[PDB]
Each structure stands twice: as structure tokens, then as C-alpha cells.
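Colleague: Could you have a look at this structure, given as C-alpha cells, before my questions?
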Amino acid sequence: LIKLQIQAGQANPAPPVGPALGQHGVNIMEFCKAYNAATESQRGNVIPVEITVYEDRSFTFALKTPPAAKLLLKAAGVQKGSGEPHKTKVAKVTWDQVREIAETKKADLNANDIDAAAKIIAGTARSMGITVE
Amino acid sequence: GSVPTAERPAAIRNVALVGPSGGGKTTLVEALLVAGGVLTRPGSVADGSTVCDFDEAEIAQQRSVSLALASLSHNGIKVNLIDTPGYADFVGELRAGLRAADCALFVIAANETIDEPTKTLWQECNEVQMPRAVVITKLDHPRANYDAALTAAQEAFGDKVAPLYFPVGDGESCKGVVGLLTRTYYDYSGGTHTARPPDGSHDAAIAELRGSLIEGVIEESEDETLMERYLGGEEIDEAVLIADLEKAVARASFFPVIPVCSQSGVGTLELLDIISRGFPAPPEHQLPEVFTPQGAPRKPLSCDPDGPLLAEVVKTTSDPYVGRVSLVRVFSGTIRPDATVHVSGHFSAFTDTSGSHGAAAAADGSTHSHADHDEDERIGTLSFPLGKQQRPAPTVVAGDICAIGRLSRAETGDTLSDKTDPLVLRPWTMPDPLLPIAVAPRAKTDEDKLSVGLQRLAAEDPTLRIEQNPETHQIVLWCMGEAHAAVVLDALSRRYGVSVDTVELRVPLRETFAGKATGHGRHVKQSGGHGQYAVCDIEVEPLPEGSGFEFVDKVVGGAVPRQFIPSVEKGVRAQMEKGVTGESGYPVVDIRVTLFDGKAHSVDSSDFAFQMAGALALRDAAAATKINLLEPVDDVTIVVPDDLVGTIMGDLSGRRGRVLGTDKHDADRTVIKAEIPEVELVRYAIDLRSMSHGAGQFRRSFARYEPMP
Ligand SMILES: Nc1nc2c(ncn2[C@@H]2O[C@H](COP(=O)(O)OP(=O)(O)NP(=O)(O)O)[C@@H](O)[C@H]2O)c(=O)[nH]1
């Protein structure tokens, strides 16, 4: 019953996941190979993965949609977020990318409609100090 | 009793007993020797009457601090028992004993569980693929639970650990055991070892144990149809099961458990029987790879007295009257008295890897840096170690261990062979000591013999590293820990008459200019002969790290005579070497000096005067700005359990350590990579063994120099 964020095409990093997954009773090699296959099928973005454990050390991994942070960063063209949001604006985003990410988050979120997910992404960009147009 | 003499390597066994410190190993060896007939009555470590704990240090610390060898022959099979200390500070002696052994024995007590040091000892035994057998001892203790320890052993080291002998006792003093393979209950209630069928009080449990042991062994048996046959109801023959178990143990695939009462003598006879039957022979044992002198790999020799001569000293001891007592482990060929044999001093090339600052290969002793030495010596009278007594040996066949005295230059780990066929057995793994100990001799007479004494010390103990500082001029002893450092100091202070006083280790430092500055150097002295007058106006400006010394000439009009400019340069270099910070200035590197002006006298100008003027100008320029102090940093890789990660990380946080990454060593330990300044590592080992119930293991290596924060 944990959740982490890990690079798509990379497996077995020592700081983030190794000891984190070691003390939760989860086999690491099978998870790494299955996750690598899935995220090479995806091949696009780093992903958050949620691990659910059972009493027989069985592990189930749930792969969500790419994060709103990473999706907005890759859609805006910048690499790192603004160190002073709402004071320094480093990128501009149009409504088309916003609606694409809104559809993705509708596949992810509990929002009843696409417009709600678009507003959520706009708030996420506000936390990024990135203008939404 | 009789001297145990062996004429064939098959009839010889060389097993090293290992375990925790004070695991009663010495008492077990005494009980086995009494069962062998060499000793009339069993000795006691507390009384100090034991053969193994005969050295002064062992009795002083009331624990095994140095390893010893005992020889016993049983059922026509000779056994070379190698008792080793059970403390982490003496891990190198245990590893040396492991290398000179074809099997590993773990002496543990049922009243205490397997500690982490014992687990690491099992790992070390495992990483030579050594066969391992579990011996449960101290069954007379009230809290001795054979079942609990057995289980723990079965769970920890995989399903390959299954018990071989089932004790039957009252829970206080085990009166005997039940042979699982033989269905025989051994009794010692009347003081006599009696083998009788079990009365049936454990017959169901006995049958369960036979079933489990048979299923475990028979898998390791090459006959895959044996598993079917046993699962089909067929009773596998006892002799066949025995032989399959013997083969599997010789394959280092099974770890049987045999309970032993060292105090009562219960189980010693069967234990000797198991050693003589189930244990691998040196012919059965995978003999270590033998190398040619020039590093070319050579095919390992078969363990036979008729083969090419191949032996290896594994211990060096110093005795005031007898002289050096070198224990020689022989693998191939035959050693005969008065013969001239070749002494291969480890051929350091095979041991020149790593070594940290000391770069320890073999026998250190910086005047003897690396061993790599070859010499042919004529041996004297062959002897076998029996405490301080030496039983003379007529001849030494292959596969046995012997003690040779009066050896002038023979050293521990040296490969002995025929002079016409020099050989080099693969050296043992030498743990790197990481506890530097700077000392100061009390007199120069002691100092002159200090090199000889330290060389002989490293000859006796290959695990001790000695490094003499070239910058701070400090002699520094690298030790494993508190006990090992104390032993190293005492042996140096006694066996060689070298009175030394421990001093503070000096971490080497470097100096460089922190900014541009100029200095005016004047050297005028009016003595009874020629006057001296030389003035140099140099300009010193900072350089990037590692830029070295650069000289730029800007003398206009030849005010400084051009024959004396090299003297100014030499004086500047000498002043950089001698330091620029006070009376204890560290060498100055990565600076540029630009002599642009100066003054000279027609009669009072000399090269020495210009040297002094340049040195004084450099000193003034250094005093005209700040000086950067550069301290070294050593990368440290630590293996610690995952449950203690945070404590060690915070301790390094208080030690200014920069964490590089936390790598999963295994399912329960995490490798921590970090670079720590050498100052913080002076007492890192002792605090870590604290921060880790001793579980703390780390290695260090010099990384680079950095300025002080
Ligand atoms: N109950 C019990 N105590 C024992 C036995 N053997 C030794 N001891 C006790 O344990 C202490 C020393 O044991 P031990 O560590 O095996 O001695 P050592 O062999 O010199 N050290 P090491 O085990 O590391 O080689 C002493 O207090 C001694 O009385 C035994 O069979 N039973």
C-alpha cells in the first residue's frame, strides 16, 4: 500500500525505490521487468505507480496517467518549473494542450466533465506559475 | 597419546573451527583431543589449562585472540583442527585459517541465537564455496534450546540446513543423541558411550527427521530416481544415504547440524566419526589455484605426496628460545628434513590490488613494501604443533600441516615448493585495516629496529598494515579495532624491544594562494667575509587547482642579474615546499610567481642571497594575502542493515558527510556510498560498530583534496 513516482524507461534506482520496496515485502525484479515493459509500451513520460500488497507477498502495480506536473512541463516546452510562481512566468500554454491533458485526467480523475479536469490542470499550472491561454 | 602421523592426503582432514567470540571453541577442541587420547583430562579456558589458549594474550583477554592448530588421527584418518578467534578484530586470522582449510566448522551454543557477526562469518565461509557444518555446543547451559537454534539455522541458511543428529536429553545436561541416518540412540548416562536403538519415545519424530534428511540429501544425490523411490515407499539403504550425504557435503551443498556436549564429552566420538566420514578430503576438496612465479596460470596439483612439491606457510610465530615457528600447509609433493625448498613470498603481483594508502600486498613493513621475494632455504627438523611442545615429524606428505622452526626468512602466506618447480598458491583474502594508529618511538635505537620489528610483525600477522607518513613524518599502524590495535602495540613493544608512544595521526594538508599578492624580499647580512645583498620583487597570483608552479619573468633593465634569476626560482620553490603559514606551513602548490623587479649589489650579490631574497619575497606575498588549506577526502562505502539506515545517515550528517547514494546490497543490507573527510574517519570504525552492533562494515579510499569549509 504505497505510491511512488519513477522514470518510465529506467528500473532499479538505489535512492528512490530500492529500500522503499525492500521493507514492504515486494519482489523487485518482476515488478521492474513488468513496469519496464509497460512503460516502454507507453515510452512517453515518467509515471507514478501504486503498489498494493497481499498477505502472500503478492504485489499488484497500478499505473496511473502521466502526472499533471510532467504533462504541463512537456506541453509547455520547459524543463524545470518556476522558482517564483506568479512572479516569473517561464512558459505559455494554449487551451488545446490543456484540453488534451484534461481528457487524460478525465481518464484519471473523478471529474464529471472535461472542463473540470481542464480547470484542475489550470490550477496545476498556477502552482507552476505558467500562464494558461 | 601417539603422534598423529598421516602418509596419504586422503587420510588427512583440515577443518577450521569458527564462530562467535567465546563460543566455547577451545573447550570443544580440548574435549575432542581428550576423546582422541592426546590429553588425559579436558582443560578449561577459565583455568588456563587448555592447549589452544596457551598464549599470554589469550589468557590475558580470557578469549581467543590468536588462532591455533591441533592434530588428531581417528579411525586411521588424521584431522587438523584449526581453532580461530571469534571476534571481528581478528577476522584476518580466521580468513587465513579458512584458506588453509578444506571445511568450515561453526561452534555455537544453543542458549544463544545466531548473531549478525556469525552470519557474516557464514558469508565469508560461503564465498570460497567452503563446506560448512553446524555444531551446537554448550548443551549443559540451562537455557540451551537445541530446537530453537536448530530452527533458526534451518530458516536462515536456506533449506540446505537440516539436522543430522537428534539429541535426547533432560533439557539441562544432554545425556545422548539419536543417529538419524543410523536410527541409533547414543547414551552417556552411565559415563560410557553406549549406542542402542531408541526406545520409541521419539520414534515418530525420529522418522520425520530421517524423512526430511533423506529428501534433502537425495535431491543433492545424482540419482534423481532416488527421490521417486523414496516418495514411492521404498526405504533407501543407510549406507547409500551416508555416501550420498558425504558426497553432498564434499560438494558444499549441505549443512548438517550435530549437537555436542563439550563439558560432558557427549557426542565427541560420533562427532569424530562424522568428521572422518562425511567431511570432504583435500583430494575431494577443490584445491586452490596454483600459479606460476611469473603470473601465468597453472593447473592445480592433485593432493598426493608424489606430485610436485607444493606447500604454504600459514602462520608465523616468534619464540625467544626456539626462534620462528612457521606452520606450513602442504598441498602437493613431499617435504623431507634437511631439504632445500623454494620460498615464494606471495609474489605480490597477485596481492597488489587496492590497499588504500598502504597498498598492502604482503608482509608490509615499508622497507619491505610488497613481498614478491624468492629464496631457497634448507629446512631443519620437521615438527608438529602440540601446544608449546613440538612432536618431531619424520616426513611431511601432501595434504597436511607442519611446524618448522629456525626459518630465517619464511613468512606467513609464503608458497613453499621444490626449487626446480617454484609455485604460487592463490593467496587468501586479506581484510584491510582502517584504524590508523600513529605512534612515536621512545629512542632512535628503538626506531632503527622498528622497521625490522614491523616487518616481522606483518610476517606474523598479514592483516596489519603499517604506513610511514612521508609528509608529516609519522609512523602509523592501521588496525582492525580496539583489541587488534592493542595486540599490535603490545607485540611491537615486547617482541622487538621497540618502545613507542601512540601519537595523534596527522592528516596531510596542502597550501595554495587564496589571492594575488606581491612580496618584497631583502637578504642583507654583513659577516666577517663577503657581504650579501639581493632584493627580489616577485608577484604571486592564484592559479587553478593542480596548475603547479609557473614562473613569469618581467625583469626590466636587468636590475636582477640574469645569472641569479634561477636562484630566485629555486628559493621560491624551496619556500613553497617549506610552507608559508607560520612555523608549520604545508607545501605550497598551484601558484605562479612573477619576478618583475629587484635590486642587486656589484660585490654583495650571490646566488644564495638571491635564493633567500626570493624565499622572503614569497613569504611576504603569502603574508600579503590569505592561504587556502586543502584537506583530503576519502570515499567510504558502507554495508549496514536497512533498519539502521537513518541512524548512520544522521551520524554522517553530524560528520559532514556527503551522501552519494543508497544501493541495495541485498534483501536486508543497503550499500551507502559517501565521501567523508579523513578527519571524521579517525574514530569512525569504533562508533560505527556501535551504531551497528558491530554490523558496521565499510571500506575507504582516497578521493581528492578539498579546501576546508
Ligand atoms: N556452558 C558452557 N560454557 C562453556 C563451554 N565451553 C566454554 N564455555 C565458557 O565460555 C567461555 C569461553 O568460551 P569460548 O568463547 O568458546 O572460549 P574461546 O575458544 O577461547 N573463544 P572462541 O569461541 O572465540 O574461540 C568461558 O567462560 C567458558 O567457561 C561449554 O561447553 N559449555
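We label chains A, B, ... in the order they appear in the C-alpha cells, count residues from 1 in each chain, and number ligands from 1 in the order shown.
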Residues within 9 Å of ligand 1, counting only C-alpha atoms and all ligand atoms: report them as a PyMOL selection string.

Modeller: chain B and resi 17-29+44-47+50+52-53+58-59+62-67+83-87+107-109+111+137-142+144+260-264

Colleague: Do you know which residues are at most 10 Å from residue B:466 counting only C-alpha atoms, after dropping those on the same chain fewer than 6 positions away, and could you put them as number ranges by chain?

Modeller: B: 357-360, 363-366, 369, 433, 436-438, 451, 454-455, 457-458, 475-479

Colleague: Would you write out those residues with C-alpha atoms, as a PDB file, in the first residue's frame?

Modeller:
ATOM      1  CA  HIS B 357      47.149   4.374   1.316  1.00  0.00           C
ATOM      2  CA  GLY B 358      49.320   1.476   2.460  1.00  0.00           C
ATOM      3  CA  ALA B 359      48.832  -0.514  -0.736  1.00  0.00           C
ATOM      4  CA  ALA B 360      49.282  -3.663   1.318  1.00  0.00           C
ATOM      5  CA  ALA B 363      54.233  -8.608   4.968  1.00  0.00           C
ATOM      6  CA  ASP B 364      54.114  -4.770   4.532  1.00  0.00           C
ATOM      7  CA  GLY B 365      56.890  -3.157   6.562  1.00  0.00           C
ATOM      8  CA  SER B 366      57.501  -0.255   4.184  1.00  0.00           C
ATOM      9  CA  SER B 369      56.981  -2.873   0.708  1.00  0.00           C
ATOM     10  CA  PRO B 433      42.547  -2.459   8.474  1.00  0.00           C
ATOM     11  CA  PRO B 436      45.247   4.213  11.732  1.00  0.00           C
ATOM     12  CA  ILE B 437      47.402   4.389  14.855  1.00  0.00           C
ATOM     13  CA  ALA B 438      50.205   6.944  14.864  1.00  0.00           C
ATOM     14  CA  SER B 451      61.386  -1.374  10.603  1.00  0.00           C
ATOM     15  CA  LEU B 454      57.196  -4.155  11.964  1.00  0.00           C
ATOM     16  CA  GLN B 455      58.304  -6.308   9.031  1.00  0.00           C
ATOM     17  CA  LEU B 457      55.010  -8.311  12.803  1.00  0.00           C
ATOM     18  CA  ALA B 458      53.387  -8.209   9.371  1.00  0.00           C
ATOM     19  CA  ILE B 475      54.711   6.122  11.639  1.00  0.00           C
ATOM     20  CA  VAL B 476      51.091   4.958  11.535  1.00  0.00           C
ATOM     21  CA  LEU B 477      49.703   1.497  12.324  1.00  0.00           C
ATOM     22  CA  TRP B 478      46.472   0.534  10.574  1.00  0.00           C
ATOM     23  CA  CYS B 479      44.460  -1.872  12.724  1.00  0.00           C
TER      24      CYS B 479
END

Colleague: Based on only C-alpha atoms, which of the residues in chain B come within 7 Å of chain A? I want them as a VMD selection string.

Modeller: chain B and resid 661 to 664 667

Colleague: Would you put the residues from that selection into a file with N, CA and C atoms, as a PDB file, in the first residue's frame?

Modeller:
ATOM      1  N   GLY B 661      24.647   7.913  -2.531  1.00  0.00           N
ATOM      2  CA  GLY B 661      23.582   7.018  -2.927  1.00  0.00           C
ATOM      3  C   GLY B 661      23.429   5.839  -1.992  1.00  0.00           C
ATOM      4  N   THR B 662      22.215   5.304  -1.901  1.00  0.00           N
ATOM      5  CA  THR B 662      21.921   4.158  -1.055  1.00  0.00           C
ATOM      6  C   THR B 662      21.547   2.970  -1.927  1.00  0.00           C
ATOM      7  N   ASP B 663      22.496   2.054  -2.100  1.00  0.00           N
ATOM      8  CA  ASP B 663      22.350   0.926  -3.007  1.00  0.00           C
ATOM      9  C   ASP B 663      22.014  -0.325  -2.216  1.00  0.00           C
ATOM     10  N   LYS B 664      21.013  -1.061  -2.683  1.00  0.00           N
ATOM     11  CA  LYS B 664      20.597  -2.291  -2.015  1.00  0.00           C
ATOM     12  C   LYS B 664      21.695  -3.334  -2.159  1.00  0.00           C
ATOM     13  N   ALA B 667      18.789  -8.284   0.372  1.00  0.00           N
ATOM     14  CA  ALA B 667      17.432  -8.147   0.885  1.00  0.00           C
ATOM     15  C   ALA B 667      17.377  -7.460   2.245  1.00  0.00           C
TER      16      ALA B 667
END

Colleague: If you count only C-alpha atoms, which residues fall within 8 Å of residue A:68, apart from same-chain ones fewer than 6 positions away, as a PDB file with C-alpha atoms, in the first residue's frame?

Modeller:
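Written out: part38.pdb:
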ATOM      1  CA  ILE A 101      -4.341  16.883 -20.543  1.00  0.00           C
ATOM      2  CA  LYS A 105      -7.009  13.406 -16.328  1.00  0.00           C
ATOM      3  CA  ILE A 121      -4.824  21.450 -14.941  1.00  0.00           C
ATOM      4  CA  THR A 124      -1.736  22.909 -11.548  1.00  0.00           C
TER       5      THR A 124
END

Colleague: Skipping near chain neighbours, those fewer than 6 positions away, what residues fall within 9 Å of residue A:129 using only C-alpha atoms, listed as number ranges by chain?

Modeller: A: 81-91

Colleague: Please return, as a list in words, all residues of stretch 85-135 of chain B that DSSP assigns to alpha helix (DSSP H) on the basis of the backbone.

Modeller: residues 91, 92, 93, 94, 95, 96, 97, 98, 99, 116, 117, 118, 119, 120, 121, 122, 123, 124, 125 and 126 of chain B

Colleague: Could you give me, as a ChimeraX atom specification, the residues within 8 Å of stretch 536-548 of chain B, counting only C-alpha atoms and dropping anything in the same chain fewer than 4 positions from it?

Modeller: /B:512-522,560,568,589-599,610,613-614,617-618,621

Colleague: Next, dump the selected residues to file, keeping only C-alpha atoms, as a PDB file, in the first residue's frame.

Modeller:
ATOM      1  CA  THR B 512      47.937  27.474  -2.071  1.00  0.00           C
ATOM      2  CA  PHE B 513      47.499  31.205  -2.545  1.00  0.00           C
ATOM      3  CA  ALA B 514      43.953  32.433  -1.952  1.00  0.00           C
ATOM      4  CA  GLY B 515      44.565  35.602  -3.970  1.00  0.00           C
ATOM      5  CA  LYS B 516      47.058  37.705  -5.855  1.00  0.00           C
ATOM      6  CA  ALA B 517      49.823  39.227  -3.762  1.00  0.00           C
ATOM      7  CA  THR B 518      53.352  40.645  -4.009  1.00  0.00           C
ATOM      8  CA  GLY B 519      56.329  40.272  -1.709  1.00  0.00           C
ATOM      9  CA  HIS B 520      59.497  42.282  -1.175  1.00  0.00           C
ATOM     10  CA  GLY B 521      62.416  40.047  -0.235  1.00  0.00           C
ATOM     11  CA  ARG B 522      65.632  41.530   1.158  1.00  0.00           C
ATOM     12  CA  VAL B 560      68.256  41.469 -11.106  1.00  0.00           C
ATOM     13  CA  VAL B 568      65.371  33.235  -7.158  1.00  0.00           C
ATOM     14  CA  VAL B 589      51.183  24.098  -4.817  1.00  0.00           C
ATOM     15  CA  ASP B 590      49.370  25.562  -7.826  1.00  0.00           C
ATOM     16  CA  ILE B 591      50.812  29.077  -7.613  1.00  0.00           C
ATOM     17  CA  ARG B 592      52.538  31.371 -10.101  1.00  0.00           C
ATOM     18  CA  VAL B 593      55.413  33.692  -9.168  1.00  0.00           C
ATOM     19  CA  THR B 594      56.209  36.679 -11.386  1.00  0.00           C
ATOM     20  CA  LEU B 595      59.536  38.365 -10.693  1.00  0.00           C
ATOM     21  CA  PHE B 596      59.182  41.837 -12.212  1.00  0.00           C
ATOM     22  CA  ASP B 597      61.817  43.882 -10.350  1.00  0.00           C
ATOM     23  CA  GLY B 598      64.618  43.671  -7.828  1.00  0.00           C
ATOM     24  CA  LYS B 599      67.912  45.075  -6.632  1.00  0.00           C
ATOM     25  CA  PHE B 610      69.046  35.757  -4.298  1.00  0.00           C
ATOM     26  CA  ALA B 613      65.517  37.061  -1.277  1.00  0.00           C
ATOM     27  CA  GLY B 614      63.118  35.053  -3.435  1.00  0.00           C
ATOM     28  CA  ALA B 617      59.518  37.699  -1.175  1.00  0.00           C
ATOM     29  CA  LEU B 618      57.310  34.616  -1.500  1.00  0.00           C
ATOM     30  CA  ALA B 621      53.398  37.717  -0.704  1.00  0.00           C
TER      31      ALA B 621
END

Colleague: Measuring between only C-alpha atoms, which one of B:407, B:79, B:503, B:652 shows the shortest distance to residue B:282?

Modeller: B:79

Colleague: Please identify which residues in chain A DSSP calls strand (DSSP E) from the backbone, and express them as a ChimeraX atom specification.

Modeller: /A:2-6,47-53,59-63,92-93,131-132

Colleague: Report as a list in words all protein, DNA and RNA residues lying within 7 Å of stretch 44-47 of chain A, evaluated on only C-alpha atoms, omitting residues in the same chain fewer than 4 positions from it.

Modeller: residues 5, 6, 7, 8, 66 and 67 of chain A

Colleague: How about saving the chosen residues, N, CA and C atoms kept, as a PDB file, in the first residue's frame?

Modeller:
ATOM      1  N   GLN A   5       6.846   7.704  -7.642  1.00  0.00           N
ATOM      2  CA  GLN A   5       6.987   8.248  -8.988  1.00  0.00           C
ATOM      3  C   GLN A   5       8.346   7.831  -9.522  1.00  0.00           C
ATOM      4  N   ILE A   6       8.361   7.209 -10.699  1.00  0.00           N
ATOM      5  CA  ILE A   6       9.570   6.593 -11.225  1.00  0.00           C
ATOM      6  C   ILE A   6       9.643   6.822 -12.731  1.00  0.00           C
ATOM      7  N   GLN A   7      10.874   6.935 -13.231  1.00  0.00           N
ATOM      8  CA  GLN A   7      11.110   7.134 -14.653  1.00  0.00           C
ATOM      9  C   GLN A   7      10.577   5.956 -15.457  1.00  0.00           C
ATOM     10  N   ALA A   8      10.074   6.250 -16.657  1.00  0.00           N
ATOM     11  CA  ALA A   8       9.431   5.229 -17.476  1.00  0.00           C
ATOM     12  C   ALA A   8      10.416   4.138 -17.882  1.00  0.00           C
ATOM     13  N   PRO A  66       0.118   9.951 -16.868  1.00  0.00           N
ATOM     14  CA  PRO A  66       1.274  10.813 -16.590  1.00  0.00           C
ATOM     15  C   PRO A  66       0.873  12.009 -15.747  1.00  0.00           C
ATOM     16  N   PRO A  67       1.731  12.432 -14.819  1.00  0.00           N
ATOM     17  CA  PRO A  67       1.344  13.484 -13.875  1.00  0.00           C
ATOM     18  C   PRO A  67       1.042  14.800 -14.577  1.00  0.00           C
TER      19      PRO A  67
END

Colleague: What does the distance between atom CA of residue B:236 and atom CA of residue B:166 come to in Å, to one decimal place?

Modeller: 19.5 Å

Colleague: Need to verify the contact set: residue A:51, 12 Å, only C-alpha atoms, exclusion of same-chain residues closer than 3 positions in sequence. Can you return it as a PyMOL selection string?

Modeller: chain A and resi 1-5+17+20-21+24-28+31+35+48+54+57-64
